[PDB]
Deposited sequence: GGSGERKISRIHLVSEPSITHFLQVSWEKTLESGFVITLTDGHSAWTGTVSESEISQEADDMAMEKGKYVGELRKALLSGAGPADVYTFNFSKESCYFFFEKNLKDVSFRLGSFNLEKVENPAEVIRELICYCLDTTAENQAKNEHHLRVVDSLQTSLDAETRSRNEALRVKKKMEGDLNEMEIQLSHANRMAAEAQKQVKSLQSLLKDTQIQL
């Protein structure tokens, strides 16, 4: 399959012009990669193995993991300015530096052989970009359908929630109305039972004079 990133860069010697850097790899950048520089007309290409990457880390007293991280930030445009790029067409020598404010140091270097079929590389590059844009368009279309579907479900939940809220109020009213009816009945019974007590008392007293 393979993976790639295409980045815009400016060369120290050619500030007015934008160049592109195309880097491609198998599974990880650490396993080795291919790198192509192009302006709109020519192209230069080199290959960096895993061994020469491992070696360059060791040669700079830099931990391998952190070094490959620097490669990612510099070459795959994953940075926060910081990285500068140099190329001489004559020696086909490409090197790049990491910069803090004023202080710089060399991060890496490649020899890039000039390709005799630049237009082919450029066409393949542009094709990659168009394909990618197409796939992204489809994904954007699909997320839009998903969002619409979710908003419709939410609308349904909301409306059903407000409906059940009204039913809850009415049930509670009904419960309360029954409670006051219960109260009434219990009071009627109790008061009548007082009357019963009175009657039994009066009856006893009446019989007792008999």
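Since the structure holds only modelled residues, which stretches of the deposited sequence does it leave out?
-> Gaps vs deposited seq, in order: 1 to 2, 83 to 84.
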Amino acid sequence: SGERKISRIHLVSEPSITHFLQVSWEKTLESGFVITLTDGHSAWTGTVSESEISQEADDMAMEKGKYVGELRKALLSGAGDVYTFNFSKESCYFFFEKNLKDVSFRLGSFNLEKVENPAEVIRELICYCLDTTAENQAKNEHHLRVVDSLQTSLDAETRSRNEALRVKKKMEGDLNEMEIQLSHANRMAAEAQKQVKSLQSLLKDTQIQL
From here on, numbers count along this sequence of modelled residues.
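Mean C-alpha B-factor comparison - 21 to 29 and 5 to 13, higher one = Mean C-alpha B-factor is greater for 21 to 29.
Can you tell me which stretch has the higher mean Cα B-factor, 84 to 92 or 118 to 126?
-> Stretch with the greater average CA B-factor: 84 to 92.
Report the option among 177, 155, 163, 59 whose CA atom has the maximum B-factor in the deposited record.
-> Within the set 177, 155, 163, 59, 59 shows the top C-alpha B-factor.
Candidate set 103, 71, 112, 138 [ranked by C-alpha B-factor, highest] | That would be 112.
Lowest, middle or highest third of the chain for the C-alpha temperature factor of residue 159?
-> Bottom third by C-alpha B-factor.
Of the three thirds of its chain by CA temperature factor, lowest, middle or highest, which one includes residue 38?
-> Lowest third of the chain for residue 38's C-alpha B-factor.
Looking at the entry's B-factor column for C-alpha atoms only, identify whether residue 149 ranks in the lowest, middle or highest third of its chain.
-> It belongs to the lowest third of the chain when residues are ordered by C-alpha B-factor.
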